[PDB]
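Working notes for the structure below.
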Amino acid sequence: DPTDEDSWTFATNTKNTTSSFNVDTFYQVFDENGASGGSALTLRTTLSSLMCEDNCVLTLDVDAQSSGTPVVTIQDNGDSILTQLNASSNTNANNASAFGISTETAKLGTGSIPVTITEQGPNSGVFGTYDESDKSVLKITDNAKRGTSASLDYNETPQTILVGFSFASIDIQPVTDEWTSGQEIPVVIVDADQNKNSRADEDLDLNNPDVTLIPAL
Amino acid sequence: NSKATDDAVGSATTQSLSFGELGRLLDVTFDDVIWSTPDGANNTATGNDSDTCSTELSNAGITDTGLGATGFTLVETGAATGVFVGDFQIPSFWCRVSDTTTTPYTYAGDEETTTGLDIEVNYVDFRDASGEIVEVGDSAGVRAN
Amino acid sequence: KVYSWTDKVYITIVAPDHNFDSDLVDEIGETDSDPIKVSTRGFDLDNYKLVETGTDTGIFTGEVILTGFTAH
Amino acid sequence: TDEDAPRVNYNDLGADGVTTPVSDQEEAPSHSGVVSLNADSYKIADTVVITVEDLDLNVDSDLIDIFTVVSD
């Protein structure tokens, strides 16, 4: 669409081994405002006839090294309607195969990880998984292991999503030779592990359980 | 615990061949003995006292029971750099392997300090400059003050 | 050459042939195959341990504390 | 000062995967105050000016600090 914001939805689970299942592509299953915007209609067997040369297909591998702990999971945002179809207490939000779309369960049900992209501008050709609140569809799991990775593939060129930790450095910086009474001096912490969003500025708030560490005196 | 390539960098899938074990690429040893966690069916030895080596380590607060428990991985620095890096931290205590000829390994009954023992890493090149299998290594010493 | 009771002894064994690993501090005396024993008339310590000064030096050292007798 | 200097502690997850805190400290000394009078001799109805150089009396960096005389 040259006038609108284009929305696409993908079934990307490359380890769903059910005989009936196939990686597939769908058009306008959602709006740019995260509304319904119509049904999901197969495009997998027609992409050859629509001038697709290895460039219309998204695949994802949540656990690349098969270590048992999945690195990447999926979550709802402002440009999609994702639902946890297995709501059993026995599973948690780290199970990417427990999410699906409720209205379209034949091909986008439990398992078959649905991934949604939205056009950044009516006629740009640049798509993303982030929404306007900077909440991505793809999130790293809380129990993910250092060194392990996932693999996201578009245009038959895969990219690794590597999990790693960063050494921190804290240093009090006195303005002059002595710290005397009634003088503010800066305290600076450098830890990449607290930068959990590259598109947002983050505070170490006590009240947020998802800030793992806070400096204390 | 059911494979000869336990607590080593490689693959659970494996075979026994002339040059050695096919699923082994790298491992770490203290005093020329595989650094492995006391788990499986052959970890029931208590040593001098009535405490098994596995619970003996746990009372000392050690979670780095072997190479597999530190989360050690080899990661390529770039997409096509050809250089792989891993890291981990030296523990205060470790549990020696009594017999390596059984699967699972048989572990000793008493923990030992790592101080005064050499540390080694062994890499097995499936293809050297001629396309033949060779093993190469490096060594270093653990010290105390 | 002569000691006193409750005095501290240092032992230096210079045995280069027991430098098994060049990057490990080697231990002698703790095994049935390679025992050591420090003894006085009446009492002894068996399977005592001596350790290498540095990793490839080949010198082994230890120390024992004499204690005397409780009835004096 | 020294071992009692205020220190901030930050628990940390390292790149080797082990949890190792990082910390910094800065000493908070006290200062010897001096008080002075601008002149050595005054005359009747002369302005007399008193100054106190004590850094420890600054309790706020944003506001001017004031001390007043007691009438009770």
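Just remember, in the structure tokens the first chain shown is A, the second B, etc., residues are 1-based per chain, and ligands are 1-based in the order shown.
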
What are the nearest atom pairs, with distances in Å to one decimal, for all residues of chain A that come at most 8 Å from chain D, using only C-alpha atoms, set out by chain and rising residue number as JSON lines?
{"residue": "A:146", "atom": "CA", "partner": "D:17", "partner_atom": "CA", "distance": 7.0}
{"residue": "A:164", "atom": "CA", "partner": "D:15", "partner_atom": "CA", "distance": 6.7}
{"residue": "A:165", "atom": "CA", "partner": "D:15", "partner_atom": "CA", "distance": 4.3}
{"residue": "A:166", "atom": "CA", "partner": "D:15", "partner_atom": "CA", "distance": 4.9}
{"residue": "A:167", "atom": "CA", "partner": "D:14", "partner_atom": "CA", "distance": 4.7}
{"residue": "A:168", "atom": "CA", "partner": "D:12", "partner_atom": "CA", "distance": 6.6}
{"residue": "A:169", "atom": "CA", "partner": "D:22", "partner_atom": "CA", "distance": 6.6}
{"residue": "A:170", "atom": "CA", "partner": "D:23", "partner_atom": "CA", "distance": 6.1}
{"residue": "A:171", "atom": "CA", "partner": "D:24", "partner_atom": "CA", "distance": 5.5}
{"residue": "A:172", "atom": "CA", "partner": "D:24", "partner_atom": "CA", "distance": 6.2}
{"residue": "A:178", "atom": "CA", "partner": "D:28", "partner_atom": "CA", "distance": 7.6}
{"residue": "A:179", "atom": "CA", "partner": "D:28", "partner_atom": "CA", "distance": 5.9}
{"residue": "A:180", "atom": "CA", "partner": "D:28", "partner_atom": "CA", "distance": 6.3}
{"residue": "A:181", "atom": "CA", "partner": "D:56", "partner_atom": "CA", "distance": 5.5}
{"residue": "A:182", "atom": "CA", "partner": "D:60", "partner_atom": "CA", "distance": 4.5}
{"residue": "A:183", "atom": "CA", "partner": "D:61", "partner_atom": "CA", "distance": 5.4}
{"residue": "A:184", "atom": "CA", "partner": "D:61", "partner_atom": "CA", "distance": 7.2}
{"residue": "A:213", "atom": "CA", "partner": "D:11", "partner_atom": "CA", "distance": 6.4}
{"residue": "A:214", "atom": "CA", "partner": "D:10", "partner_atom": "CA", "distance": 6.5}
{"residue": "A:215", "atom": "CA", "partner": "D:10", "partner_atom": "CA", "distance": 4.8}
{"residue": "A:216", "atom": "CA", "partner": "D:8", "partner_atom": "CA", "distance": 5.4}
{"residue": "A:217", "atom": "CA", "partner": "D:8", "partner_atom": "CA", "distance": 4.6}

Could the residues in this selection be written to a file with C-alpha atoms, as a PDB file, in the first residue's frame?
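Listed below is the output, out-v1.pdb:
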ATOM      1  CA  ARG A 146      25.545 -16.846  28.823  1.00  0.00           C
ATOM      2  CA  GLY A 164      26.333 -12.147  27.128  1.00  0.00           C
ATOM      3  CA  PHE A 165      27.206 -10.364  30.376  1.00  0.00           C
ATOM      4  CA  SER A 166      29.177  -7.150  30.918  1.00  0.00           C
ATOM      5  CA  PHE A 167      31.676  -6.215  33.645  1.00  0.00           C
ATOM      6  CA  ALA A 168      30.512  -3.139  35.615  1.00  0.00           C
ATOM      7  CA  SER A 169      32.581  -0.199  36.939  1.00  0.00           C
ATOM      8  CA  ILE A 170      31.532   2.185  39.756  1.00  0.00           C
ATOM      9  CA  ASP A 171      33.541   5.287  40.677  1.00  0.00           C
ATOM     10  CA  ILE A 172      32.725   8.287  42.965  1.00  0.00           C
ATOM     11  CA  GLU A 178      38.566  16.740  49.441  1.00  0.00           C
ATOM     12  CA  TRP A 179      34.848  15.861  49.708  1.00  0.00           C
ATOM     13  CA  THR A 180      33.595  18.381  52.335  1.00  0.00           C
ATOM     14  CA  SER A 181      30.124  18.808  53.941  1.00  0.00           C
ATOM     15  CA  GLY A 182      27.328  20.153  51.710  1.00  0.00           C
ATOM     16  CA  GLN A 183      28.875  19.352  48.270  1.00  0.00           C
ATOM     17  CA  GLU A 184      27.277  17.169  45.558  1.00  0.00           C
ATOM     18  CA  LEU A 213      20.821  -4.314  41.028  1.00  0.00           C
ATOM     19  CA  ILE A 214      20.866  -0.963  42.895  1.00  0.00           C
ATOM     20  CA  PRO A 215      23.857   0.839  44.451  1.00  0.00           C
ATOM     21  CA  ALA A 216      23.756   1.216  48.228  1.00  0.00           C
ATOM     22  CA  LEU A 217      25.709   2.982  50.966  1.00  0.00           C
TER      23      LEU A 217
END

Enumerate as a list in words the residues belonging to chain A that approach chain B to within 8 Å, with only C-alpha atoms taken into account.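 My answer is residues 145, 146, 147 and 148 of chain A.
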
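Straight-line separation from CA of residue 47 in chain B to CA of residue 112 in chain B: 11.6 Å.
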
Got a sec: who's within 10 Å of residue 6 in chain C, counting only C-alpha atoms, leaving out chain neighbours fewer than 3 positions off, as JSON, numbers by chain? {"C": [3, 9, 64, 65, 66, 67, 68, 69]}

Find the residues of chain C in contact range of chain B, meaning any atom within 9 Å when counting only C-alpha atoms, and list them as a PyMOL selection string. chain C and resi 21-27+51-52+55

Which is closer to residue 29 in chain C than all the others in C:60, C:5, C:43, C:48, using only C-alpha atoms?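 For residue 29 in chain C, the nearest of the given residues is C:48.
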
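Minimum atom-to-atom distances from B:89, B:36, B:18, B:98 to chain D were compared using only C-alpha atoms, and the lowest value belongs to B:89.
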
Skipping near chain neighbours, those fewer than 3 positions away, what residues fall within 8 Å of residue 5 in chain B using only C-alpha atoms, listed as a PDB file with N, CA, C and O atoms, in the first residue's frame?
ATOM      1  N   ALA B   8      32.742 -31.877  28.674  1.00  0.00           N
ATOM      2  CA  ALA B   8      33.719 -31.403  27.669  1.00  0.00           C
ATOM      3  C   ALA B   8      33.017 -30.614  26.565  1.00  0.00           C
ATOM      4  O   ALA B   8      31.836 -30.794  26.368  1.00  0.00           O
ATOM      5  N   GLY B  10      31.888 -30.127  23.061  1.00  0.00           N
ATOM      6  CA  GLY B  10      31.681 -30.997  21.893  1.00  0.00           C
ATOM      7  C   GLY B  10      30.228 -31.362  21.738  1.00  0.00           C
ATOM      8  O   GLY B  10      29.373 -30.477  21.883  1.00  0.00           O
ATOM      9  N   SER B  11      29.962 -32.625  21.442  1.00  0.00           N
ATOM     10  CA  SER B  11      28.608 -33.101  21.126  1.00  0.00           C
ATOM     11  C   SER B  11      28.269 -34.320  21.977  1.00  0.00           C
ATOM     12  O   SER B  11      29.138 -35.158  22.191  1.00  0.00           O
ATOM     13  N   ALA B  12      27.015 -34.440  22.385  1.00  0.00           N
ATOM     14  CA  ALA B  12      26.540 -35.646  23.091  1.00  0.00           C
ATOM     15  C   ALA B  12      26.612 -36.824  22.124  1.00  0.00           C
ATOM     16  O   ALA B  12      27.051 -37.874  22.563  1.00  0.00           O
ATOM     17  N   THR B  14      28.273 -39.177  19.635  1.00  0.00           N
ATOM     18  CA  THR B  14      29.716 -39.521  19.659  1.00  0.00           C
ATOM     19  C   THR B  14      29.923 -40.933  19.124  1.00  0.00           C
ATOM     20  O   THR B  14      28.959 -41.704  19.033  1.00  0.00           O
ATOM     21  N   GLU B  21      37.891 -40.184  20.863  1.00  0.00           N
ATOM     22  CA  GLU B  21      36.427 -40.031  20.866  1.00  0.00           C
ATOM     23  C   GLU B  21      36.041 -38.925  19.893  1.00  0.00           C
ATOM     24  O   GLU B  21      36.632 -37.818  19.976  1.00  0.00           O
ATOM     25  N   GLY B  23      33.338 -37.100  19.448  1.00  0.00           N
ATOM     26  CA  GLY B  23      32.486 -35.965  19.844  1.00  0.00           C
ATOM     27  C   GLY B  23      33.194 -35.008  20.789  1.00  0.00           C
ATOM     28  O   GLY B  23      32.502 -34.248  21.457  1.00  0.00           O
ATOM     29  N   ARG B  24      34.518 -35.031  20.878  1.00  0.00           N
ATOM     30  CA  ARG B  24      35.264 -34.202  21.854  1.00  0.00           C
ATOM     31  C   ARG B  24      36.064 -33.156  21.091  1.00  0.00           C
ATOM     32  O   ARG B  24      36.858 -33.576  20.266  1.00  0.00           O
TER      33      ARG B  24
END

May I ask for the distance between CA of residue 35 in chain C and CA of residue 7 in chain C, given in Å to one decimal place? 24.0 Å
